[PDB]
6 protein chains.
Amino acid sequence: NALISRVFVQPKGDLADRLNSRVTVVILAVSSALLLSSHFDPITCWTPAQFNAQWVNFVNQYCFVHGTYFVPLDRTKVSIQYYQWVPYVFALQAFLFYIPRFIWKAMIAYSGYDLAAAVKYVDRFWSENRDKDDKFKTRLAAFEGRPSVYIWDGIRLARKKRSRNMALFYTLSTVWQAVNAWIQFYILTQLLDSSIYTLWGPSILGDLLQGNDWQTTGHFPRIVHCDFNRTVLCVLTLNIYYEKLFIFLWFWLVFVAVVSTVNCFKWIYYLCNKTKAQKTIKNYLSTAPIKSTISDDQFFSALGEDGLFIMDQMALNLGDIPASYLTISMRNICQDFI
Amino acid sequence: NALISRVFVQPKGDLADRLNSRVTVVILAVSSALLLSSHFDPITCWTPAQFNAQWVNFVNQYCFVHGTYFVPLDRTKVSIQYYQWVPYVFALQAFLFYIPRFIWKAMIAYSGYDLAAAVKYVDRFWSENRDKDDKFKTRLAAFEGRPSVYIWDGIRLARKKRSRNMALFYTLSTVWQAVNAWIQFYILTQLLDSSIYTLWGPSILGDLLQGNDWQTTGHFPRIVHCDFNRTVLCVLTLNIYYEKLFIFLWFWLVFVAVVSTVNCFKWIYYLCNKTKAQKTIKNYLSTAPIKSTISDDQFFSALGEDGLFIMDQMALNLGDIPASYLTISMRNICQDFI
Amino acid sequence: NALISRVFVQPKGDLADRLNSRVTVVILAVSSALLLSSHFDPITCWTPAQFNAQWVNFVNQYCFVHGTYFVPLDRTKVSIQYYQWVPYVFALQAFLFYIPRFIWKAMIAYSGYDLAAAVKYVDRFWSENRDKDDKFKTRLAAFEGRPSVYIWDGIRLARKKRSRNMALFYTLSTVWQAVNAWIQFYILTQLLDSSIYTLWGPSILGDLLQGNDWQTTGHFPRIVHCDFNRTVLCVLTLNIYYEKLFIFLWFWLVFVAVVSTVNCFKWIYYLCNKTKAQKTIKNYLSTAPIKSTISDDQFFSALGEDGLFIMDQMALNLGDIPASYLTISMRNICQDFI
Amino acid sequence: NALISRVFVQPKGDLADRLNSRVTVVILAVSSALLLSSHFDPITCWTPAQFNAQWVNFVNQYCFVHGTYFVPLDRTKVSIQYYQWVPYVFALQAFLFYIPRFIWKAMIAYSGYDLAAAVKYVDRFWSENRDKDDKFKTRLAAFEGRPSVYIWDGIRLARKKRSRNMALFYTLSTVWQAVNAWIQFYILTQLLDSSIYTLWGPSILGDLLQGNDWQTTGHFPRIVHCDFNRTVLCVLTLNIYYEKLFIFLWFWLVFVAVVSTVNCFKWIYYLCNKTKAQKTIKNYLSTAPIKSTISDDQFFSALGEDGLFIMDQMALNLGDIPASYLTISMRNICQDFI
Amino acid sequence: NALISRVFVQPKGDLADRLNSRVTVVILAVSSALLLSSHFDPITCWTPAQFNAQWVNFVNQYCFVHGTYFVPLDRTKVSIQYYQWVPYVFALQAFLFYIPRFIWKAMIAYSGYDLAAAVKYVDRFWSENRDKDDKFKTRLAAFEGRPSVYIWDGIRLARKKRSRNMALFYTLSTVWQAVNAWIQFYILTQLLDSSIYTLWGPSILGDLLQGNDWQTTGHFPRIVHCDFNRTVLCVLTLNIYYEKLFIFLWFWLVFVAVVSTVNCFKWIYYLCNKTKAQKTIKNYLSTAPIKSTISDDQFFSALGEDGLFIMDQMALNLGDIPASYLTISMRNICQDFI
Amino acid sequence: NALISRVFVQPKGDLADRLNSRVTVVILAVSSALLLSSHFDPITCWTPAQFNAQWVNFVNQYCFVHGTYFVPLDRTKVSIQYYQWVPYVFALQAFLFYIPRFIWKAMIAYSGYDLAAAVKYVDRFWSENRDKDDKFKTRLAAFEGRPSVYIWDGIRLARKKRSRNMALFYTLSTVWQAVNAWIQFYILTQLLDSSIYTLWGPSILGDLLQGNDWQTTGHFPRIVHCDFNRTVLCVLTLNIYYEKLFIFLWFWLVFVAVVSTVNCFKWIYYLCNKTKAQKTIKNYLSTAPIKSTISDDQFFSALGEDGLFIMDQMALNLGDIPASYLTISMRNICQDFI
């Protein structure tokens with residue numbers, strides 16, 4: 001519960017359902033650690049001649065490492081062996097699922113504007129004096145003094161260092177996310193042999209919901225024979241788990257794809273439109289009863305390079321009410337800039 | 001006790017008996033984790049020829065994975081095999097029971113008004129200065145200053161973002177809840193074979209309360225034979241649990257349905273009536289001895305879009321006394337809005 | 001989790017992806033501790049004559065310590081023995097990966113200016129009064145009083161003790177880092193025999209993705225024979241792990257090289273250019289609206305010996321916003337020095 | 001992790017790489033505790049007649065305690081027995097490595113001036129009011145009042161008790177350190193027999209990097225015979241560790257010697273020169289812009305007996321910046337002494 | 001680690017290397033608890049007739065409790081039996097080593113002046129206001145007010161109760177310490193038989209460093225025969241420890257003697273001289289620049305009965321600087337006494 | 001370590017070496033719990049016919065519960081059986097050793113003056129404001145106000161309730177203590193048979209220090225025969241402990257007697273003399289330089305009934321300095337009483 005906490009609870013990225021990669025890592029790591037641990041008896045074999053308890057402890061290993069085969073109980077083309085495949089390809093899947101978070105962190109470090117620190121700053125500020133009755137009716141000026149100047153200084157200091165298209169870097173991160181999810185699903189498809197039957201939810205379920213476990217479908221057995229060179233049959237207790245999770249995992253994996261690529265398009269149409277991207281800010285700026293000097297045009301031209309993305313991240317992490325105040329205050333203070 | 005706490009105690013949704021899904025998840029997960037753990041000897045078989053202690057450790061597995069059959073002790077149509085069925089279909093039931101909470105959270109995030117944060121805010125406010133003697137006779141103005149403005153700013157900021165029918169989203173969540181419960185019950189009905197006898201509380205109990213365990217009812221055995229191809233009988237110690245909980249679980253499961261669909265209708269009649277939906281608010285507004293300027297008509301027209309649902313959620317979570325104050329104060333401050 | 005915390009979380013060096021050595025140490029130590037612990041049955045052998053359970057517990061050891069051999073199942077040149085090699089050469093790799101951090105710490109102690117203490121000082125200062133509203137509009141003078149004088153006194157006190165080329169010592173540390181990484185990769189290449197086949201990612205993968213496990217590629221077996229002098233075959237359960245991580249580790253190891261040598265060049269071009277090295281400082285000094293007396297020429301001539309490197313370390317560890325203030329203040333106070 | 005903490009983390013001696021003795025103690029104690037614990041099967045023997053499981057549990061002990069021998073597989077002069085030697089001589093090495101710290105502590109107690117208390121005092125003082133903004137511009141007078149008078153009173157009180165050559169006692173401690181390291185290395189050289197081959201890194205490695213494990217080099221075997229009086233062979237699983245650490249330890253041990261004797265010379269040239277020993281103090285005294293009354297000659301004649309060594313210890317433990325202040329203040333206050 | 005802490009860390013007697021008794025207790029208790037615990041197989045015997053696993057579990061006990069004998073492998077005079085001797089005589093040694101601390105505590109309680117309380121009082125006082133800047137320039141008067149009056153009241157109150165020769169009681173305690181150490185060493189000498197060979201470091205080492213383990217020296221065997229009445233040989237795995245610590249312990253034990261008897265003489269010459277006993281006090285009283293009224297003669301005549309010993313204990317426990325202040329203040333206040 | 005703490009550390013009775021009963025309870029309880037736990041194999045027997053591993057597990061019990069006998073190896077009068085005796089008579093000894101503390105507590109509760117509460121009160125008072133510099137020069141009046149009035153009110157309130165001879169009750173408790181110790185020693189003497197040899201330190205040691213273990217002294221054997229009715233010998237591994245502690249315990253037990261009866265006489269001579277009982281008080285009252293009005297005669301006549309014993313208890317628990325103040329203050333305030 002400590003490593004899962006290290007990967008899930010302790011780091012704070014509250015992205016829009018992009019904690020699905022962070023939870024997929026946990027799911028696949030749990031699977032890969034619970035499979036090869038052998039439920040601490042994967043396979044047990046029987047040769048009806050004699051058993052000095054030292055034949056069995058060896059022939060088990062032999063039929064495990066050396067491939068087995070299967071025949072319908074009534075031709076040996078079905079040579080089932082995917083035990084050197086799965087319990088490690090799953091860990092590899094977990095690692096390739098975690099990669100894009102590292103890519104995005106490194107990319108934001110290259111962009112030159114530490115976003116996580118700014119989010120945490122506005123967060124502990126909004127949680128520090130949300131309860132001060134005295135500093136609540138001066139709420140606008142309150143947000144004007146302390147944090148707004150900080151965010152603005154960060155903007156000034158980043159604008160001169162490779163930070164005018166941070167949204168471009170982010171949308172590249174998310175398109176990488178989507179392509180990664182599709183590649184993981186495709187690899188899962190060809191996991192068994194890519195020449196013997198390939199698995200996927202609907203077909204295997206529909207077959208399984210007609211009473212076709214293995215005695216009539218052949219594929220996916222649980223009683224397999226292994227030869228011996230100088231035939232012995234045995235029960236393969238592990239297959240009773242694999243399919244009973246492949247049918248699950250497959251479905252779930254598809255879900256991730258469907259929830260990532262869509263999240264890609266929302267983050268590309270944005271980069272294409274640039275006239276409805278400013279809709280949330282233009283909405284926030286219609287709540288202050290001051291309307292003093294600045295028009296939203298010059299405000300955006302002084303802000304619209306990167307400030308839009310940072311304001312979106314603020315509105316996504318902190319909520320909305322503690323973001324409208326921030327943006328209206330940043331409009332108030334943006335006097336001596338443009 | 002840590003994961004059950006993660007799922008039950010730590011997140012705070014105090015909905016009206018909709019913690020029944022949150023407790024059903026725990027019940028079914030405990031069942032599915034205690035079954036396949038094998039009470040850490042599911043089945044033990046006996047072939048009265050010889051026992052080198054290496055026949056038994058294998059024939060157990062063989063008769064477990066390969067289906068068995070049963071005959072009344074006096075024809076082989078009863079081929080009992082539901083061990084690849086239950087201990088995983090239960091975990092799947094648990095997951096589909098947990099889904100609707102995720103649906104509702106995502107839906108409220110799409111609606112554009114973080115309700116949980118608002119509830120927690122009014123909660124820690126009402127628990128902060130419930131004990132301040134000085135700020136208790138100024139109770140009305142107290143609720144007027146700090147939290148009422150917050151809730152109202154949230155309303156203003158959400159009204160311009162896809163939030164005018166939050167009650168519609170919520171009633172869709174609850175109708176999904178009801179349909180989900182009925183589907184889980186139906187799946188439980190067809191769990192054994194859907195062609196061999198199907199189970200349900202009253203019949204199996206009435207049969208069990210006449211002395212019809214298996215020696216005369218046939219179905220649900222505990223001493224079954226398994227063949228062997230190149231017959232051996234054995235005791236099936238697991239069946240002594242399954243029915244002894246199916247009779248229970250079934251009943252309990254029905255309960256959930258009966259307590260969810262009714263909770264659906266209460267949350268649909270509401271959406272249909274819109275003249276008794278305002279009854280709690282109209283009742284609260286008959287306790288302040290001020291009756292200053294606003295009539296309940298204009299107050300509702302400025303509020304009745306979403307404010308009704310949020311006030312109901314407040315009255316449901318925080319109690320009632322710390323909600324009448326909130327609503328009377330929100331009426332007091334609603335001067336410069338409509 | 002305590003020793004990994006001692007090596008990773010507790011000491012605070014936040015260098016630019018030079019925590020890759022600090023994480024490689026953990027990876028290789030985990031590998032070397034999980035291999036020789038024998039997954040607490042590396043090899044199990046079978047001599048089809050008799051087994052009093054005291055032949056096996058000895059012949060295992062004999063075939064383990066004494067080298068085995070392998071033949072394709074259809075000449076004995078393949079004498080596989082790398083069990084006295086790997087699980088200790090990995091620990092040695094971990095130690096040689098950790099060395100450069102020790103080299104750099106000793107080198108900075110010889111240079112005569114404790115950098116870690118200065119970083120921690122500016123850190124706890126910037127985290128002490130980042131929240132003081134009163135001492136935030138006096139931010140420039142705030143950084144002028146307390147920490148700037150400290151950093152400047154350190155500069156004065158080090159300038160007279162073998163500290164004018166601290167950047168030279170650091171770039172020597174990083175070139176040692178790069179050469180070390182390349183040497184570790186090269187040693188990994190020749191790990192098996194350097195006369196029998198040598199391993200490397202692309203070839204072994206491409207062979208493994210055509211169905212060439214060992215039955216047709218010969219090398220990397222899992223069923224090997226061992227002789228006996230006064231032949232017995234056996235299964236080598238350990239090989240099913242080694243390759244399944246060598247293919248991984250190899251790749252990862254290459255990554256380190258590619259991410260270290262590049263980090264070397266960035267830290268050499270710097271030492272060669274000395275006109276774009278001053279780019280970050282010249283950028284920071286274009287944000288204060290004072291422009292009082294000092295030109296960047298004399299400022300650098302009073303600072304450019306070591307101050308550049310220390311300012312870079314500050315900007316790298318603390319972020320950027322709490323570094324522009326530091327450097328602009330150090331320019332403000334640098335009146336009575338040159 | 002508690003005893004290692006007692007010996008390493010809890011006592012605070014931060015000497016210049018003389019924590020190498022403190023870490024060598026840990027290394028050798030870990031080795032000596034992990035060897036004789038038998039990796040909780042050092043040796044297992046085989047007599048191909050019969051095995052009632054009570055011959056083996058005894059003949060193991062017999063061939064372990066009674067010496068074995070070895071012959072190249074093709075004369076009995078190689079009688080390998082170093083199991084009564086190593087796992088205890090290592091603990092003895094650890095103890096003799098720890099001795100010099102005890103010698104130095106007792107010697108400083110005999111000198112009559114508790115140095116550790118003075119260091120801890122200036123440390124908690126410099127860490128108490130390093131953050132007081134008010135008591136930072138009065139920094140010189142601050143160090144003048146509280147701690148400087150303490151150090152000076154200690155000097156006065158020790159000068160009349162066998163403390164005028166504390167540096168002599170310290171350099172004797174360090175020359176003992178060096179001689180001890182060389183003696184430990186020499187003992188390690190003659191550890192096997194001093195008549196049979198003696199081990200040392202380069203030769204044994206160069207032989208091991210040509211494929212000369214034992215089948216052709218004879219020495220260092222792993223399959224040895226033991227006789228029996230009223231021959232049985234056996235595998236010696238322990239040798240697969242010994243060399244695989246002797247090659248390591250040897251190297252590391254040499255390192256200590258090379259890093260101690262050099263540290264001796266730096267601490268003897270000092271005692272010989274007495275004109276560059278005062279270089280750090282003469283450097284510190286060129287940073288205060290006061291230059292009031294005292295010349296460095298009379299200051300040293302009032303201080304140069306022991307104060308030099310104590311100032312060096314301060315500069316070594318606390319850093320440098322909190323030592324220049326101390327020494328300049330001690331010069332300021334040294335008015336009414338000489 | 002709790003009982004060792006109870007005996008070592010928790011009680012605070014910081015005597016001059018008289019913590020050697022306190023650490024010897026721990027050493028010998030660890031030895032006596034690790035020996036008779038049998039390394040949780042002391043002796044294992046072999047009778048080459050038959051082994052039903054119930055002969056061995058009994059003949060072991062028989063040859064253990066009943067004495068064995070030894071013959072050089074080529075007369076039975078060497079009847080080795082010291083297993084009923086050592087692992088309990090060691091615990092007895094530990095107890096007799098701890099006794100003198102109890103003697104000294106009881107003796108100081110009979111003397112009528114609780115010294116430990118006075119030491120702890122001056123300790124927590126000197127550690128309370130060592131950091132008060134305000135109460136540091138008034139240091140002399142500070143020590144004059146609070147603690148000096150306490151120590152003086154204790155002196156007054158003890159002088160009338162059997163306390164004028166507390167130093168005599170203490171030197172009796174230390175001479176008992178020395179005699180006890182010599183008696184423990186002598187008992188260790190005669191531990192084996194006092195008629196068969198007696199052990200002592202130099203001879204047994206010099207013999208062991210010539211290759212004389214037992215095959216040629218006879219004494220100290222590890223393969224011994226035991227008879228049986230109505231001969232069976234066996235390996236004595238315990239002897240491989242005993243000598244390998246006797247050689248150590250012996251040496252260490254001698255050390256204690258050499259460090260205790262010398263500590264006796266320093267504490268007797270004192271009691272004999274009474275003119276250099278006052279040297280530390282006469283030295284302390286040459287550091288105050290007041291020299292007001294009292295000469296050291298009358299001061300001693302008012303103090304020199306017991307105050308000398310208490311001042312020595314203070315200077316030994318608390319250090320020296322917080323003792324010179326105490327004694328100079330006690331001279332200042334000693335006006336209205338003599 | 002929790003029950004030993006409950007009996008030793010947590011309750012605070014610091015009587016003059018009457019913590020010897022409190023530590024004897026622990027010693028004897030540890031012995032009685034470590035004996036009958038069988039060092040978790042007390043006796044193991046051998047019948048040289050056959051051993052199906054089910055004869056031994058029963059004949060052990062038979063020869064254990066049924067008495068054995070012993071013959072010198074060369075008449076059966078020595079029928080050794082004290083295993084139903086010791087490991088429970090020791091626990092009974094522990095209980096009878098603890099009784100007198102209960103007797104004394106009940107007796108002080110019957111006397112009508114809670115002494116423990118008064119001691120704890122003066123203790124936390126003297127430890128509360130021992131460090132208040134301000135309330136230290138007013139020390140006499142300080143003790144006059146708060147605690148002295150409390151002790152005096154307790155005296156007043158007890159004098160009218162069966163409390164004029166509390167010293168008589170206490171000396172009865174201590175004479176019971178002494179008689180109890182002598183009875184425990186006597187019972188230990190007759191522990192074996194009272195007709196067969198009785199044990200006591202000097203004789204058994206002197207015999208054991210001449211080489212008379214059992215082969216020539218007969219008594220105290222370790223190899224005993226047991227008959228069988230429808231002879232088998234066996235080793236009695238438990239005797240190797242019993243004597244090896246009886247020789248110890250005996251000695252220690254004598255010590256308690258010698259240290260208790262003497263403590264009885266000191267507490268009887270007191271009750272007989274009543275003119276040197278007042279010596280400590282008359283000594284304390286010669287330290288205040290006031291000598292105002294009261295003579296020690298009338299003071300004692302107003303106090304000497306019970307106050308003497310309570311003052312002694314104070315001086316014994318709290319030390320002496322915080323008792324002279326108490327008694328001089330109680331003399332000061334004793335104006336309006338007699």
# chains A, B, ... in the order shown; residues from 1 in each chain; ligands from 1
$ residues_around --residues "residue 214 (chain B)" --least-positions-apart "2" --cutoff "12 Å" --atoms "only C-alpha atoms" --output "NGL selection string"
:B and (70-73 or 204 or 207-208 or 210-212 or 216-224 or 239-240 or 243)
$ write_last_selection --atoms "N, CA, C and O atoms" --output "PDB file, in the first residue's frame"
ATOM      1  N   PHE B  70     -23.376 -35.517 -11.089  1.00  0.00           N
ATOM      2  CA  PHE B  70     -24.028 -35.978  -9.877  1.00  0.00           C
ATOM      3  C   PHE B  70     -25.174 -36.908 -10.232  1.00  0.00           C
ATOM      4  O   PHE B  70     -25.854 -36.707 -11.239  1.00  0.00           O
ATOM      5  N   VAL B  71     -25.378 -37.922  -9.399  1.00  0.00           N
ATOM      6  CA  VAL B  71     -26.509 -38.832  -9.546  1.00  0.00           C
ATOM      7  C   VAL B  71     -27.168 -39.021  -8.186  1.00  0.00           C
ATOM      8  O   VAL B  71     -26.475 -39.083  -7.163  1.00  0.00           O
ATOM      9  N   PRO B  72     -28.493 -39.098  -8.122  1.00  0.00           N
ATOM     10  CA  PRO B  72     -29.141 -39.430  -6.851  1.00  0.00           C
ATOM     11  C   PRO B  72     -28.809 -40.854  -6.454  1.00  0.00           C
ATOM     12  O   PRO B  72     -28.807 -41.762  -7.287  1.00  0.00           O
ATOM     13  N   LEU B  73     -28.519 -41.048  -5.170  1.00  0.00           N
ATOM     14  CA  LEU B  73     -28.079 -42.359  -4.709  1.00  0.00           C
ATOM     15  C   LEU B  73     -29.237 -43.349  -4.717  1.00  0.00           C
ATOM     16  O   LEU B  73     -29.992 -43.446  -3.745  1.00  0.00           O
ATOM     17  N   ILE B 204     -36.209 -22.114  -2.774  1.00  0.00           N
ATOM     18  CA  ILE B 204     -35.127 -22.907  -2.205  1.00  0.00           C
ATOM     19  C   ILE B 204     -35.245 -22.961  -0.693  1.00  0.00           C
ATOM     20  O   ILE B 204     -34.951 -23.992  -0.082  1.00  0.00           O
ATOM     21  N   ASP B 207     -38.138 -25.342   0.232  1.00  0.00           N
ATOM     22  CA  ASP B 207     -37.674 -26.710   0.055  1.00  0.00           C
ATOM     23  C   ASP B 207     -36.698 -27.100   1.155  1.00  0.00           C
ATOM     24  O   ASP B 207     -36.717 -28.238   1.635  1.00  0.00           O
ATOM     25  N   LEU B 208     -35.847 -26.167   1.575  1.00  0.00           N
ATOM     26  CA  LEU B 208     -34.857 -26.457   2.597  1.00  0.00           C
ATOM     27  C   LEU B 208     -35.466 -26.565   3.983  1.00  0.00           C
ATOM     28  O   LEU B 208     -34.853 -27.169   4.868  1.00  0.00           O
ATOM     29  N   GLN B 210     -38.157 -28.218   4.657  1.00  0.00           N
ATOM     30  CA  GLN B 210     -38.907 -29.459   4.732  1.00  0.00           C
ATOM     31  C   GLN B 210     -38.007 -30.678   4.844  1.00  0.00           C
ATOM     32  O   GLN B 210     -38.514 -31.806   4.846  1.00  0.00           O
ATOM     33  N   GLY B 211     -36.694 -30.490   4.932  1.00  0.00           N
ATOM     34  CA  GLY B 211     -35.772 -31.606   4.993  1.00  0.00           C
ATOM     35  C   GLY B 211     -35.487 -32.178   3.621  1.00  0.00           C
ATOM     36  O   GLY B 211     -35.704 -33.369   3.377  1.00  0.00           O
ATOM     37  N   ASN B 212     -35.003 -31.336   2.717  1.00  0.00           N
ATOM     38  CA  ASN B 212     -34.753 -31.699   1.327  1.00  0.00           C
ATOM     39  C   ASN B 212     -33.384 -31.203   0.891  1.00  0.00           C
ATOM     40  O   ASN B 212     -33.246 -30.506  -0.114  1.00  0.00           O
ATOM     41  N   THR B 216     -32.951 -35.890  -1.625  1.00  0.00           N
ATOM     42  CA  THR B 216     -34.234 -36.049  -2.284  1.00  0.00           C
ATOM     43  C   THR B 216     -34.562 -34.944  -3.273  1.00  0.00           C
ATOM     44  O   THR B 216     -35.483 -35.125  -4.076  1.00  0.00           O
ATOM     45  N   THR B 217     -33.857 -33.817  -3.248  1.00  0.00           N
ATOM     46  CA  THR B 217     -34.105 -32.757  -4.209  1.00  0.00           C
ATOM     47  C   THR B 217     -33.162 -32.808  -5.396  1.00  0.00           C
ATOM     48  O   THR B 217     -33.401 -32.113  -6.388  1.00  0.00           O
ATOM     49  N   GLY B 218     -32.095 -33.593  -5.314  1.00  0.00           N
ATOM     50  CA  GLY B 218     -31.175 -33.711  -6.422  1.00  0.00           C
ATOM     51  C   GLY B 218     -30.274 -32.508  -6.587  1.00  0.00           C
ATOM     52  O   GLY B 218     -29.059 -32.611  -6.405  1.00  0.00           O
ATOM     53  N   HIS B 219     -30.852 -31.361  -6.928  1.00  0.00           N
ATOM     54  CA  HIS B 219     -30.043 -30.191  -7.222  1.00  0.00           C
ATOM     55  C   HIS B 219     -29.281 -29.737  -5.984  1.00  0.00           C
ATOM     56  O   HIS B 219     -29.640 -30.055  -4.847  1.00  0.00           O
ATOM     57  N   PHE B 220     -28.227 -28.959  -6.223  1.00  0.00           N
ATOM     58  CA  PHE B 220     -27.324 -28.503  -5.177  1.00  0.00           C
ATOM     59  C   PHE B 220     -26.773 -29.676  -4.368  1.00  0.00           C
ATOM     60  O   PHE B 220     -27.215 -29.919  -3.240  1.00  0.00           O
ATOM     61  N   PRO B 221     -25.842 -30.443  -4.918  1.00  0.00           N
ATOM     62  CA  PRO B 221     -25.264 -31.568  -4.187  1.00  0.00           C
ATOM     63  C   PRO B 221     -24.000 -31.176  -3.435  1.00  0.00           C
ATOM     64  O   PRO B 221     -23.506 -30.054  -3.536  1.00  0.00           O
ATOM     65  N   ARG B 222     -23.488 -32.140  -2.669  1.00  0.00           N
ATOM     66  CA  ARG B 222     -22.209 -32.005  -1.989  1.00  0.00           C
ATOM     67  C   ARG B 222     -21.346 -33.253  -2.071  1.00  0.00           C
ATOM     68  O   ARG B 222     -20.240 -33.251  -1.524  1.00  0.00           O
ATOM     69  N   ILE B 223     -21.816 -34.311  -2.724  1.00  0.00           N
ATOM     70  CA  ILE B 223     -21.052 -35.536  -2.928  1.00  0.00           C
ATOM     71  C   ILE B 223     -21.191 -35.877  -4.402  1.00  0.00           C
ATOM     72  O   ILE B 223     -22.220 -36.410  -4.824  1.00  0.00           O
ATOM     73  N   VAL B 224     -20.170 -35.574  -5.192  1.00  0.00           N
ATOM     74  CA  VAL B 224     -20.306 -35.689  -6.634  1.00  0.00           C
ATOM     75  C   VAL B 224     -19.211 -36.586  -7.184  1.00  0.00           C
ATOM     76  O   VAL B 224     -18.114 -36.688  -6.632  1.00  0.00           O
ATOM     77  N   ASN B 239     -19.620 -26.397  -1.643  1.00  0.00           N
ATOM     78  CA  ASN B 239     -21.056 -26.179  -1.730  1.00  0.00           C
ATOM     79  C   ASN B 239     -21.691 -25.899  -0.380  1.00  0.00           C
ATOM     80  O   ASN B 239     -22.733 -25.244  -0.329  1.00  0.00           O
ATOM     81  N   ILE B 240     -21.090 -26.362   0.717  1.00  0.00           N
ATOM     82  CA  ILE B 240     -21.665 -26.105   2.030  1.00  0.00           C
ATOM     83  C   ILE B 240     -21.626 -24.629   2.392  1.00  0.00           C
ATOM     84  O   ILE B 240     -22.240 -24.222   3.383  1.00  0.00           O
ATOM     85  N   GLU B 243     -24.585 -22.121  -1.213  1.00  0.00           N
ATOM     86  CA  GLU B 243     -26.003 -21.943  -0.933  1.00  0.00           C
ATOM     87  C   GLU B 243     -26.212 -21.211   0.382  1.00  0.00           C
ATOM     88  O   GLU B 243     -26.999 -20.259   0.450  1.00  0.00           O
TER      89      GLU B 243
END
$ interface_residues --of "chain A" --to "chain C" --cutoff "9 Å" --atoms "only C-alpha atoms" --output "number ranges by chain"
A: 52-55, 57-59, 61-62, 65-66, 84, 88, 92, 112-114, 117, 125, 145-146, 150, 153-154, 156-158, 160
$ residues_around --residues "region 98-102 of chain E" --least-positions-apart "2" --cutoff "10 Å" --atoms "only C-alpha atoms" --output "ChimeraX atom specification"
/E:7,13,18-19,21-26,92-96,104-108,173-178,180
$ atom_distance --atom1 "CA of residue 118 (chain E)" --atom2 "CA of residue 285 (chain E)"
21.6 Å
$ select_by_dssp --residues "region 175-311 of chain C" --states "helix (DSSP H, G or I)" --output "count of residues only"
77
$ atom_distance --atom1 "CA of residue 192 (chain A)" --atom2 "CA of residue 209 (chain C)"
12.3 Å
$ atom_distance --atom1 "CA of residue 232 (chain A)" --atom2 "CA of residue 225 (chain B)"
23.8 Å
$ residues_around --residues "residue 79 (chain D)" --least-positions-apart "6" --cutoff "7 Å" --atoms "only C-alpha atoms" --output "list in words"
residues 67, 68, 69 and 70 of chain D
$ residues_around --residues "residue 199 (chain B)" --least-positions-apart "3" --cutoff "9 Å" --atoms "only C-alpha atoms" --output "JSON, numbers by chain"
{"B": [188, 189, 190, 191, 192, 203, 204, 246, 247, 250]}
$ residues_around --residues "region 119-124 of chain D" --least-positions-apart "2" --cutoff "7 Å" --atoms "only C-alpha atoms" --output "list in words"
residues 115, 116, 117, 126, 127, 128, 147, 314 and 318 of chain D
